[PDB]
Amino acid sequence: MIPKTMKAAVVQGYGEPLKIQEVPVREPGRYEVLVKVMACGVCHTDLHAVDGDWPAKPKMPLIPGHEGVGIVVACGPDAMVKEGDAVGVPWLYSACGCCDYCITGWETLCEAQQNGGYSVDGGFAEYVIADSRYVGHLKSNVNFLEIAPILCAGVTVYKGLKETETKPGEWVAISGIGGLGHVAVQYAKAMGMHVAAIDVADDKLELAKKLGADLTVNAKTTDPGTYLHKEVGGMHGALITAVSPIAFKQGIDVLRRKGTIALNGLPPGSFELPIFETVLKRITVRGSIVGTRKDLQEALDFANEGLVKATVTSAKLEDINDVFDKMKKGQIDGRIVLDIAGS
């Protein structure tokens, strides 16, 4: 039984507080399913979307959220998942399937893609319309609150770690132990890497140590590049999940020669890439954008096997503005997940 209207956190304009509104519940069309949202992780991208930080703007008005997980309650024609299935609705909400990028295994680069909680309404709501062809597939007995961050934080850093090409037994630095970074530490350990964690607050490094990091460095107390070269001779790879350009520049510093640094974090603007050093050391800098459907299933398998556990605190849908305030202040221990079915 599906209600006619639902509660959803809606933003009207950039930088405005979100407001809980009553929205009509839509019927799914072709390929679509209607998902009853059990939980939805809060990604920093939702904050970038609310604030309009990016040159590519979201739609307005907007229901954010692309870590939404729940149960399929209605299917349109040609749906690829059935009622009762547990699914997640991620950033890569849909792709065309017939372009250069989709056909070659790079559907994350499809120029016709739609983005959940950005170009179409997302999981900050009691129900969400999803394209059944691109949802994450969850086990029926999944813990919705704990699995939610895998739909973006998890798949993103997992794909990012593959993009660094760091091998088992090599060193990777994770810079920014937030929502993305704290699961990045765990994926990297499950991939056989030694892990150095970089942040700017000691409690973030305490989280990394709990989750398996072999080294921790507070960039405000210690220059990361000098410290990691001194300790172990520099990193084979690095993954930048931080929201500050200076972390990107320091990420270059921590690499040994032929290192590869993958970029997830999306602050506005640029960082200075030192040319001489990048050339003489054969540094590779590579942007990495969420993950394909195959990346997503692989990332979920790591969580299903207990190798990756997101650190989660539940919040109510109505408190989303307080969640964004804590996020702006760096006060979140891992991820906040909205418990939408719980209250």
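One-based numbering along the sequence shown.
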Which of 78-86 and 181-189 has higher mean CA B factor, as the PDB entry lists it:
78-86
Can you tell me which stretch has the higher mean Cα B-factor, 63-71 or 284-292?
63-71
Kindly indicate the residue among 132, 222, 113, 216 with the greatest C-alpha B-factor in the PDB record.
222
Going by the CA temperature factor in the PDB record, which third of the chain does residue 314 belong to: lowest, middle or highest?
highest
Splitting the chain's C-alpha B-factors into thirds, which one does residue 203 fall into?
highest
Among the modelled residues of its chain, does the C-alpha B-factor of residue 269 lie in the lowest, middle or highest third?
highest
Within-chain third of residue 98 by Cα B-factor, per the entry
middle
Using only modelled residues of the chain, where does the Cα B factor of residue 125 rank: lowest third, middle third or highest third?
highest
